[PDB]
There are 2 protein chains.
Amino acid sequence: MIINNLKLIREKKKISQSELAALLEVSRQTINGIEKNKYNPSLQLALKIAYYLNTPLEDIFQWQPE
Amino acid sequence: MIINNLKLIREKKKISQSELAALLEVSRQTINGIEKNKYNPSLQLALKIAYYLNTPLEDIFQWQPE
(Lines give C-alpha, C1' and ligand atoms only; values in the text may rest on other atoms or scores of the structure.)
Protein backbone atom coordinates (compact mmCIF):
# COMPACT_ATOMS: atom_id res chain seq x y z
CA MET A 1 0.00 0.00 0.00
CA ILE A 2 2.52 2.57 1.17
CA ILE A 3 5.99 2.43 -0.36
CA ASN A 4 8.73 3.74 1.98
CA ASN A 5 11.51 5.68 0.25
CA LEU A 6 12.88 7.00 3.53
CA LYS A 7 16.01 4.92 3.33
CA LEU A 8 16.50 5.81 -0.32
CA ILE A 9 15.88 9.44 0.52
CA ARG A 10 17.89 9.24 3.72
CA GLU A 11 20.91 8.06 1.77
CA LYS A 12 20.44 11.13 -0.44
CA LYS A 13 20.29 13.19 2.73
CA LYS A 14 23.28 11.31 4.10
CA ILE A 15 21.65 11.36 7.52
CA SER A 16 21.95 8.53 10.01
CA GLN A 17 18.76 6.95 11.21
CA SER A 18 20.35 7.79 14.54
CA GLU A 19 19.70 11.52 14.16
CA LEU A 20 16.56 11.13 12.06
CA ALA A 21 15.01 8.85 14.65
CA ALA A 22 15.87 11.58 17.11
CA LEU A 23 14.03 14.10 14.92
CA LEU A 24 11.13 11.71 15.01
CA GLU A 25 11.83 11.19 18.67
CA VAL A 26 11.93 7.44 18.17
CA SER A 27 14.72 4.89 18.44
CA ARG A 28 17.16 4.32 15.58
CA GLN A 29 15.87 0.76 15.45
CA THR A 30 12.51 2.34 14.67
CA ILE A 31 13.93 3.88 11.48
CA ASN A 32 15.71 0.68 10.57
CA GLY A 33 12.46 -1.20 10.83
CA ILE A 34 10.95 1.49 8.64
CA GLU A 35 13.89 1.30 6.23
CA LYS A 36 13.84 -2.46 6.24
CA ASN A 37 10.13 -2.12 5.50
CA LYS A 38 9.23 -4.04 8.63
CA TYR A 39 6.44 -1.54 9.15
CA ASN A 40 5.37 1.88 7.92
CA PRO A 41 5.66 4.86 10.30
CA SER A 42 2.60 6.59 11.70
CA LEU A 43 1.25 9.72 10.07
CA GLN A 44 2.82 11.82 12.79
CA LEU A 45 6.16 10.06 12.37
CA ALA A 46 5.82 10.19 8.60
CA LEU A 47 5.07 13.88 8.74
CA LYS A 48 7.91 14.45 11.18
CA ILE A 49 10.23 12.71 8.72
CA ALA A 50 8.77 14.75 5.89
CA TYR A 51 9.04 17.93 7.90
CA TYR A 52 12.52 17.22 9.26
CA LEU A 53 13.81 16.21 5.87
CA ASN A 54 11.57 18.97 4.52
CA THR A 55 10.78 16.38 1.90
CA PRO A 56 7.31 15.51 0.57
CA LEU A 57 5.70 12.82 2.69
CA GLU A 58 4.42 11.03 -0.37
CA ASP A 59 7.90 11.00 -1.87
CA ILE A 60 8.99 9.22 1.27
CA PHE A 61 5.81 7.25 1.89
CA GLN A 62 3.63 6.90 -1.19
CA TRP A 63 0.31 5.11 -1.04
CA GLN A 64 -0.32 3.10 -4.15
CA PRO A 65 -3.60 1.34 -5.02
CA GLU A 66 -1.47 -1.75 -5.47
CA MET B 1 0.44 18.63 16.14
CA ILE B 2 -1.14 17.94 12.77
CA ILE B 3 -3.59 20.30 11.16
CA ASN B 4 -6.28 18.53 9.11
CA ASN B 5 -7.45 20.39 6.03
CA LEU B 6 -9.48 17.41 4.90
CA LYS B 7 -12.76 19.14 5.50
CA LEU B 8 -11.48 22.30 3.88
CA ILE B 9 -9.94 20.42 0.98
CA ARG B 10 -12.65 17.82 0.55
CA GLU B 11 -15.38 20.38 0.17
CA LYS B 12 -13.29 22.04 -2.55
CA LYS B 13 -13.32 18.68 -4.30
CA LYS B 14 -17.10 18.39 -3.75
CA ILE B 15 -16.47 14.94 -2.35
CA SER B 16 -18.66 13.80 0.51
CA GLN B 17 -17.00 12.47 3.61
CA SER B 18 -19.12 9.45 2.93
CA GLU B 19 -17.63 8.74 -0.49
CA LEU B 20 -14.17 9.62 0.76
CA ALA B 21 -14.79 7.45 3.79
CA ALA B 22 -15.61 4.81 1.22
CA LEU B 23 -12.48 5.79 -0.72
CA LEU B 24 -10.57 5.30 2.49
CA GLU B 25 -12.81 2.35 3.28
CA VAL B 26 -13.81 3.85 6.61
CA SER B 27 -17.14 5.11 7.91
CA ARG B 28 -18.34 8.67 7.28
CA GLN B 29 -18.50 9.20 11.03
CA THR B 30 -14.85 8.30 11.16
CA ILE B 31 -14.12 10.89 8.45
CA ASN B 32 -16.31 13.41 10.21
CA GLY B 33 -14.31 12.74 13.33
CA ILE B 34 -11.19 13.28 11.23
CA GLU B 35 -12.72 16.32 9.56
CA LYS B 36 -13.81 17.78 12.86
CA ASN B 37 -10.26 17.09 14.00
CA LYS B 38 -11.35 14.73 16.76
CA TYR B 39 -8.30 12.65 15.87
CA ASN B 40 -5.76 12.45 13.05
CA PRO B 41 -6.22 9.71 10.41
CA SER B 42 -3.57 7.04 10.06
CA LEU B 43 -0.80 7.30 7.45
CA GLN B 44 -2.56 4.85 5.17
CA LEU B 45 -5.82 6.71 5.63
CA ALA B 46 -4.18 10.07 5.04
CA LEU B 47 -2.36 8.85 1.96
CA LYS B 48 -5.54 7.37 0.54
CA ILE B 49 -7.16 10.76 1.05
CA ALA B 50 -4.21 12.44 -0.62
CA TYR B 51 -4.55 10.13 -3.60
CA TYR B 52 -8.32 10.32 -3.65
CA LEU B 53 -8.41 14.08 -3.29
CA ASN B 54 -5.45 14.32 -5.69
CA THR B 55 -3.87 16.56 -3.08
CA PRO B 56 -0.55 16.36 -1.14
CA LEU B 57 -0.86 14.54 2.17
CA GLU B 58 0.93 17.25 4.12
CA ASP B 59 -1.31 19.83 2.55
CA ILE B 60 -4.25 17.92 3.94
CA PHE B 61 -2.49 16.89 7.14
CA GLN B 62 0.35 19.25 8.01
CA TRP B 63 2.58 18.40 10.93
CA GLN B 64 3.41 21.63 12.70
CA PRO B 65 6.24 22.09 15.25
CA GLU B 66 3.65 24.12 17.22
# chains A, B, ... in the order shown; residues from 1 in each chain; ligands from 1
call {"tool": "interface_residues", "arguments": {"of": "chain A", "to": "chain B", "cutoff": "7 Å", "atoms": "only C-alpha atoms", "output": "PyMOL selection string"}}
result
chain A and resi 2+42-44+47-48+57-58+63
call {"tool": "residues_around", "arguments": {"residues": "residue A:60", "least_positions_apart": "5", "cutoff": "6 Å", "atoms": "only C-alpha atoms", "output": "ChimeraX atom specification"}}
result
/A:4-6
call {"tool": "write_last_selection", "arguments": {"atoms": "N, CA and C atoms", "output": "CSV table (one decimal), in the first residue's frame"}}
result
chain,number,residue,atom,x,y,z
A,4,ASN,N,7.8,2.9,1.2
A,4,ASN,CA,8.7,3.7,2.0
A,4,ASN,C,10.1,4.0,1.3
A,5,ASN,N,10.3,5.3,0.9
A,5,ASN,CA,11.5,5.7,0.2
A,5,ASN,C,12.4,6.4,1.2
A,6,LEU,N,12.1,6.3,2.5
A,6,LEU,CA,12.9,7.0,3.5
A,6,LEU,C,14.3,6.6,3.5
call {"tool": "closest_residue", "arguments": {"among": "A:26, A:39, A:52, A:34", "to": "residue A:8", "atoms": "only C-alpha atoms"}}
result
A:34
call {"tool": "closest_residue", "arguments": {"among": "A:23, A:14, A:54, A:3", "to": "residue A:35", "atoms": "only C-alpha atoms"}}
result
A:3
call {"tool": "select_by_dssp", "arguments": {"residues": "chain A", "states": "helix (DSSP H, G or I)", "output": "number ranges by chain"}}
result
A: 6-13, 17-24, 28-35, 43-52, 57-60
